[PDB]
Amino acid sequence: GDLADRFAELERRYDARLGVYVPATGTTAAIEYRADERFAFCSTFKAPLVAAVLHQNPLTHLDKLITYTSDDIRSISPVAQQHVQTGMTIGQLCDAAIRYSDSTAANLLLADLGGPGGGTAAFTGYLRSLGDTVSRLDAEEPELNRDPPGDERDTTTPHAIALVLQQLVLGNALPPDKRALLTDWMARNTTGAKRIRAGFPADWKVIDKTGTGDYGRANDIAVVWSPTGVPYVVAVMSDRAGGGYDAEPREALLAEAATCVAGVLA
């Protein structure tokens, strides 16, 4: 059989472009499909963004209260838009940015990193520090979701983002306590039930961060644990750019790609 043929069939059936990377392990081959092609990050950047903030600061920094106004609310901020009066701590922002894809939380965390482009250069530099020379973040939320196809701004590749997530969750890019916090936030994500999680059987643990955007963009980056506790990183990226800027993102495409991946990792 050829798994690449089955990913090509998903592309045909969904009128989509699919990218997949599952890093090789001591026990498994890599899975790679369009893995070095660029795809918009969309909100998947929020996971390494939280890592960047954790990396740059002592854990006491999670208790720092960030204040902001209703004018700071960006598409879409399910948690921050209910705490304009109280503010939110850096830790609460990390929680919201990963678990609810909260865009104001991510923009405040970008600002916390500092520097030109409201933290986007800093974020890109953090990925460079992890050995990623391809990915780049150029815009804040929500504009980073809306670049036209072929524009390299705000893109990564499945290969790059998978190896970033590998280093962050399974590897030693972060000290183990900071790594635990990232992992726990991804483990309690609320936005991913219909994506990678939908493709892995219920006895596999799934932690993830989604992204969605223009041109039918739908992404999910996950770490999965088998029922025997063996971890894998699964990066699935998709768009439907042939359909135009308002092409519908298709979560099912990601669930079915994940099902094909689960099939070979079983």
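Residue positions are given as counts along the sequence shown, with the first one as 1.
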Stretch with higher mean Cα temperature factor, 22 to 30 vs 59 to 67, is 22 to 30
Ranked by mean Cα B-factor in the entry, 165 to 173 and 98 to 106, top stretch is 165 to 173
Residue set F39, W225, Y215, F45, per-entry CA B-factor max assigned to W225
Among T133, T124, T89, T155, the highest C-alpha B-factor in the PDB entry belongs to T133
Entry-reported C-alpha B-factor of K209 relative to its chain, by third, is lowest
Quick tally, chain-level thirds of C-alpha B-factors: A235 sits in the lowest
So, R195's CA B-factor, relative to its chain, sits in which third? The lowest
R12: CA B-factor among chain residues, third -> highest
Here the Cα B-factor of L181, set against its chain, lands in the third termed middle
